[PDB]
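> A single structure is presented below for examination.
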Amino acid sequence: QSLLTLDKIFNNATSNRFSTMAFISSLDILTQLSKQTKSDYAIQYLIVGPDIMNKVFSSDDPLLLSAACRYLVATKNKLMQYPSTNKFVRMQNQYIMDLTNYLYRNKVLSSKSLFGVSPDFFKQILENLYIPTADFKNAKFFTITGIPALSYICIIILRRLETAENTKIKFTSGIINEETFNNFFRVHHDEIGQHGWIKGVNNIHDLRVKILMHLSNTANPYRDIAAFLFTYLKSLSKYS
Amino acid sequence: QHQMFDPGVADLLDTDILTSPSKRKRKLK
């Protein structure tokens, strides 16, 4: 795991899906190892350090993020019988709070740090970073539809949900964010109000939940992100 | 003004290339 995550083969610019396959194979073996109760292995051999986990969280590979969520789900279900305050339990807590904040919460700037980086630098990157519309800039692209590996995936899922319900209205914008969602309801308010779109959804959060329902179906290799969001979120605990 | 660099490192970095294309053209040929 230490050799695979070095930025000589496995980068964010020069991609290498071979290294991702080796990494998700290692994560799969870790998940299958964490389910064996009869073996009294040491607790320190399931963590890989923070420096690997935050790096692979920053990586834009949807299968690798799914494997990371699977690893977190397995290691928490193993760590529940462990004491609630150890050297590595708070480490797993840091992992899940950073990943949930990066994935669903959109509260990165209010947090103490994200992936070991304080949000002042994260805001200063947003400064001098021009966006054509400044309606909602600091919360537009820090979510499940704002992840580089999961932006267009959510749009595919939304289009398949529109096709399944035979909706006459199609989401014309090619990005799912709060501004585009509000403009989409603004342009077709009377059509949305009666019929012709996804049922049971009235806000962007409900849209994300309805997307997470379709990612939990038995047709995608992205089961584990939906289970991760359904597990460590009290609002989403009822959708398990 | 698009200050691309940090002020701590912009002092030793020649930013004048972006303002003046003639400087770039004389630094190529």
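Chain lettering (A, B, ...) mirrors the order of the structure tokens, residue numbering begins at 1 for each chain separately, and ligand numbering begins at 1 in order of display.
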Please build the interface table for chain A against chain B with a cut-off of 10 Å, listing for each qualifying residue the nearest atom pair and the distance in Å to one decimal; count only C-alpha atoms, order rows by chain and increasing number, and write it as a Markdown table.

```
| residue | atom | partner | partner_atom | distance |
| --- | --- | --- | --- | --- |
| A:125 | CA | B:4 | CA | 9.9 |
| A:127 | CA | B:2 | CA | 9.5 |
| A:128 | CA | B:2 | CA | 6.1 |
| A:129 | CA | B:2 | CA | 9.0 |
| A:130 | CA | B:2 | CA | 9.7 |
```
> Set the distance at 10 Å and use only C-alpha atoms: which residues neighbour residue 97 in chain A once local chain neighbours fewer than 5 positions away are removed? I'd like the list as an mmCIF file with N, CA and C atoms, in the first residue's frame.

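Heads up, here's the output in around-v3.cif:
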```cif
data_model
loop_
_atom_site.group_PDB
_atom_site.id
_atom_site.type_symbol
_atom_site.label_atom_id
_atom_site.label_comp_id
_atom_site.auth_asym_id
_atom_site.auth_seq_id
_atom_site.Cartn_x
_atom_site.Cartn_y
_atom_site.Cartn_z
ATOM 1 N N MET A 91 -8.983 7.808 14.712
ATOM 2 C CA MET A 91 -8.463 7.894 13.351
ATOM 3 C C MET A 91 -9.540 7.532 12.331
ATOM 4 N N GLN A 92 -10.278 6.448 12.590
ATOM 5 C CA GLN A 92 -11.395 6.067 11.730
ATOM 6 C C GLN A 92 -12.509 7.105 11.783
ATOM 7 N N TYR A 102 -16.742 15.848 2.755
ATOM 8 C CA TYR A 102 -16.389 16.040 1.354
ATOM 9 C C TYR A 102 -17.470 15.504 0.418
ATOM 10 N N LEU A 103 -18.283 14.554 0.883
ATOM 11 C CA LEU A 103 -19.219 13.866 0.003
ATOM 12 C C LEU A 103 -20.642 14.419 0.068
ATOM 13 N N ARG A 105 -21.987 16.754 3.097
ATOM 14 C CA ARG A 105 -22.349 17.805 4.045
ATOM 15 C C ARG A 105 -22.246 19.204 3.447
ATOM 16 N N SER A 111 -15.397 23.357 8.823
ATOM 17 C CA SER A 111 -14.695 22.313 9.551
ATOM 18 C C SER A 111 -13.322 22.799 10.010
ATOM 19 N N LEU A 114 -9.824 19.533 6.346
ATOM 20 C CA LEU A 114 -10.280 18.519 5.403
ATOM 21 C C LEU A 114 -9.066 17.783 4.859
ATOM 22 N N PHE A 115 -9.008 16.471 5.115
ATOM 23 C CA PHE A 115 -7.903 15.598 4.700
ATOM 24 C C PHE A 115 -6.558 16.114 5.209
ATOM 25 N N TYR A 232 -23.392 6.002 8.205
ATOM 26 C CA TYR A 232 -22.899 7.043 9.110
ATOM 27 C C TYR A 232 -23.555 8.393 8.846
#
```
> Residue 225 in chain A: which residues within 6 Å, counting only C-alpha atoms, same-chain residues fewer than 3 positions away excluded, as a VMD selection string?
chain A and resid 66 69 228
> Dump N, CA, C and O atoms for the selected residues as a PDB file, in the first residue's frame?

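Here's the written file result-v5.pdb:
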```pdb
ATOM      1  N   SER A  66     -15.333   3.780  -3.943  1.00  0.00           N
ATOM      2  CA  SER A  66     -16.244   2.743  -3.466  1.00  0.00           C
ATOM      3  C   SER A  66     -15.508   1.718  -2.612  1.00  0.00           C
ATOM      4  O   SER A  66     -16.008   1.287  -1.568  1.00  0.00           O
ATOM      5  N   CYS A  69     -14.781   3.306   0.762  1.00  0.00           N
ATOM      6  CA  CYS A  69     -15.979   3.278   1.598  1.00  0.00           C
ATOM      7  C   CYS A  69     -16.259   1.873   2.118  1.00  0.00           C
ATOM      8  O   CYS A  69     -16.698   1.706   3.260  1.00  0.00           O
ATOM      9  N   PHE A 228     -22.236   3.520   2.661  1.00  0.00           N
ATOM     10  CA  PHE A 228     -21.480   4.395   3.551  1.00  0.00           C
ATOM     11  C   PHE A 228     -22.302   5.616   3.943  1.00  0.00           C
ATOM     12  O   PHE A 228     -22.297   6.036   5.106  1.00  0.00           O
TER      13      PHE A 228
END
```
> Report the distance between CA of residue 170 in chain A and CA of residue 212 in chain A in Å, rounded to one decimal place.
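Taking CA of residue 170 in chain A as the start and CA of residue 212 in chain A as the end point, the length is 19.1 Å.
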> Write out as a ChimeraX atom specification the residues lying within 12 Å of residue 231 in chain A, counting only C-alpha atoms and excluding same-chain residues fewer than 4 positions away.
/A:69-70,72-74,76-77,96,100,224-227,235-240
> Rounded to one decimal in Å, what is the spacing between CA of residue 53 in chain A and CA of residue 154 in chain A?
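For CA of residue 53 in chain A relative to CA of residue 154 in chain A, the distance reads 23.7 Å.
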> If you run DSSP on this backbone, which residues of chain B come out as alpha helix (DSSP H), and could you give them as a list in words?
residues 16, 17, 18, 19, 21, 22, 23, 24, 25, 26, 27 and 28 of chain B
> Once you have the residues from the selection above, write them out as a compact mmCIF listing (two decimals), in the first residue's frame, restricted to C-alpha atoms.

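See result.txt below for the written result:
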```txt
# COMPACT_ATOMS: atom_id res chain seq x y z
CA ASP B 16 6.19 40.15 -16.46
CA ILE B 17 5.93 37.48 -19.20
CA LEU B 18 2.12 37.47 -19.02
CA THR B 19 1.88 41.26 -19.26
CA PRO B 21 4.41 39.22 -25.00
CA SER B 22 7.58 40.84 -26.37
CA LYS B 23 9.48 39.63 -23.29
CA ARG B 24 8.36 36.06 -24.00
CA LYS B 25 9.21 36.40 -27.70
CA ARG B 26 12.72 37.66 -26.90
CA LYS B 27 13.11 34.91 -24.27
CA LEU B 28 12.28 32.26 -26.91
```
> A:145, A:202, A:101, A:113: which is nearest residue 233 in chain A, counting only C-alpha atoms?
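Of A:145, A:202, A:101, A:113, the one nearest residue 233 in chain A, counting only C-alpha atoms, is A:101.
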> Would you compute the distance between CA of residue 52 in chain A and CA of residue 143 in chain A? Give it in Å to one decimal.
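Distance between the two atoms: 21.5 Å.
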> Do a neighbour search on residue 49 in chain A at 12 Å with only C-alpha atoms, toss out local chain neighbours closer than 3 positions, and write the hits as a list in words.
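In the requested form, the answer reads residues 1, 2, 5, 44, 45, 46, 52, 53, 54, 55, 56, 87, 88, 91, 92, 94 and 95 of chain A.
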> For N, CA and C atoms, I'd like the residues from the last selection saved as a CSV table (one decimal), in the first residue's frame.

```csv
chain,number,residue,atom,x,y,z
A,1,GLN,N,0.8,-1.2,0.0
A,1,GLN,CA,0.0,0.0,0.0
A,1,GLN,C,0.9,1.3,0.0
A,2,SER,N,2.0,1.2,0.7
A,2,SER,CA,2.9,2.4,0.7
A,2,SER,C,3.5,2.6,-0.7
A,5,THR,N,0.8,4.0,-3.6
A,5,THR,CA,0.3,5.3,-3.5
A,5,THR,C,1.3,6.4,-3.7
A,44,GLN,N,-3.6,-2.9,14.9
A,44,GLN,CA,-2.9,-1.9,14.2
A,44,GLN,C,-2.6,-2.3,12.7
A,45,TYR,N,-2.9,-3.5,12.3
A,45,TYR,CA,-2.7,-4.0,11.0
A,45,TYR,C,-3.8,-3.8,10.0
A,46,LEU,N,-4.9,-3.1,10.5
A,46,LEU,CA,-6.0,-2.8,9.5
A,46,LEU,C,-6.0,-1.3,9.1
A,52,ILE,N,-2.2,7.6,3.5
A,52,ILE,CA,-2.7,6.9,2.4
A,52,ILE,C,-4.2,7.2,2.2
A,53,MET,N,-5.0,7.2,3.3
A,53,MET,CA,-6.4,7.3,3.2
A,53,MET,C,-6.9,8.6,2.7
A,54,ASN,N,-6.3,9.7,3.2
A,54,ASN,CA,-6.7,11.0,2.7
A,54,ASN,C,-6.3,11.2,1.2
A,55,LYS,N,-5.1,10.7,0.8
A,55,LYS,CA,-4.7,10.7,-0.6
A,55,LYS,C,-5.6,10.0,-1.5
A,56,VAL,N,-6.1,8.8,-1.1
A,56,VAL,CA,-7.0,8.1,-2.0
A,56,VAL,C,-8.4,8.6,-1.9
A,87,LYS,N,-6.2,4.7,19.9
A,87,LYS,CA,-5.4,5.4,19.0
A,87,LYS,C,-5.9,5.4,17.6
A,88,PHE,N,-6.6,4.4,17.2
A,88,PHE,CA,-7.1,4.2,15.9
A,88,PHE,C,-8.6,4.4,15.7
A,91,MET,N,-9.0,7.8,14.7
A,91,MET,CA,-8.5,7.9,13.4
A,91,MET,C,-9.5,7.5,12.3
A,92,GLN,N,-10.3,6.4,12.6
A,92,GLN,CA,-11.4,6.1,11.7
A,92,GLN,C,-12.5,7.1,11.8
A,94,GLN,N,-12.0,10.3,12.2
A,94,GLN,CA,-11.5,11.4,11.4
A,94,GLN,C,-11.7,11.1,9.9
A,95,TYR,N,-11.4,9.8,9.5
A,95,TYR,CA,-11.7,9.4,8.2
A,95,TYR,C,-13.1,9.6,7.7
```
> Considering only C-alpha atoms, state which residue in the set A:204, A:134, A:215, A:198 is at the smallest distance from residue 104 in chain A.
A:204
> Residues within 9 Å of residue 210 in chain A, please, as a list in words. Count only C-alpha atoms; anything in the same chain fewer than 6 positions from it doesn't count.
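Everything that qualifies: residues 158, 161, 198, 200 and 201 of chain A.
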> Compile the contact shell of residue 199 in chain A as a ChimeraX atom specification: residues with an atom at most 12 Å away, counting only C-alpha atoms, same-chain residues fewer than 6 positions apart removed.
/A:161-162,164-167,192-193,206-207,210
> Let's have the selection written as a JSON list (two decimals), in the first residue's frame, with N, CA, C and O atoms.

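Below you can see out-v6.json, which holds the result:
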```
[["chain", "number", "residue", "atom", "x", "y", "z"],
["A", 161, "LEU", "N", -33.24, 7.66, -14.15],
["A", 161, "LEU", "CA", -34.44, 7.80, -13.33],
["A", 161, "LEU", "C", -35.54, 8.52, -14.10],
["A", 161, "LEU", "O", -36.73, 8.20, -13.94],
["A", 162, "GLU", "N", -35.17, 9.51, -14.92],
["A", 162, "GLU", "CA", -36.15, 10.16, -15.79],
["A", 162, "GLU", "C", -36.71, 9.20, -16.82],
["A", 162, "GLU", "O", -37.90, 9.23, -17.13],
["A", 164, "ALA", "N", -36.87, 5.88, -16.54],
["A", 164, "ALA", "CA", -37.64, 4.82, -15.89],
["A", 164, "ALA", "C", -39.05, 5.28, -15.55],
["A", 164, "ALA", "O", -40.01, 4.51, -15.68],
["A", 165, "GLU", "N", -39.20, 6.53, -15.11],
["A", 165, "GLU", "CA", -40.51, 7.07, -14.77],
["A", 165, "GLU", "C", -41.24, 7.68, -15.96],
["A", 165, "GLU", "O", -42.35, 8.19, -15.79],
["A", 166, "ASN", "N", -40.63, 7.62, -17.16],
["A", 166, "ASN", "CA", -41.20, 8.15, -18.40],
["A", 166, "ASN", "C", -41.53, 9.64, -18.28],
["A", 166, "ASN", "O", -42.59, 10.10, -18.72],
["A", 167, "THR", "N", -40.62, 10.39, -17.66],
["A", 167, "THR", "CA", -40.84, 11.82, -17.46],
["A", 167, "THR", "C", -40.70, 12.57, -18.78],
["A", 167, "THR", "O", -39.78, 12.34, -19.56],
["A", 192, "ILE", "N", -43.43, 21.03, -13.05],
["A", 192, "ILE", "CA", -42.92, 20.28, -11.90],
["A", 192, "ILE", "C", -44.00, 20.12, -10.84],
["A", 192, "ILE", "O", -44.10, 19.08, -10.18],
["A", 193, "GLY", "N", -44.85, 21.14, -10.68],
["A", 193, "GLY", "CA", -45.83, 21.13, -9.60],
["A", 193, "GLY", "C", -46.87, 20.03, -9.71],
["A", 193, "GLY", "O", -47.35, 19.52, -8.70],
["A", 206, "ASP", "N", -33.24, 15.89, -1.35],
["A", 206, "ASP", "CA", -34.10, 14.78, -1.74],
["A", 206, "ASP", "C", -33.66, 14.19, -3.07],
["A", 206, "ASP", "O", -33.77, 12.97, -3.28],
["A", 207, "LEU", "N", -33.15, 15.03, -3.98],
["A", 207, "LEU", "CA", -32.60, 14.52, -5.24],
["A", 207, "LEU", "C", -31.38, 13.65, -4.99],
["A", 207, "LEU", "O", -31.23, 12.59, -5.61],
["A", 210, "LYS", "N", -32.60, 10.34, -3.60],
["A", 210, "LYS", "CA", -33.18, 9.51, -4.66],
["A", 210, "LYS", "C", -32.11, 8.96, -5.58],
["A", 210, "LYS", "O", -32.25, 7.85, -6.11]]
```
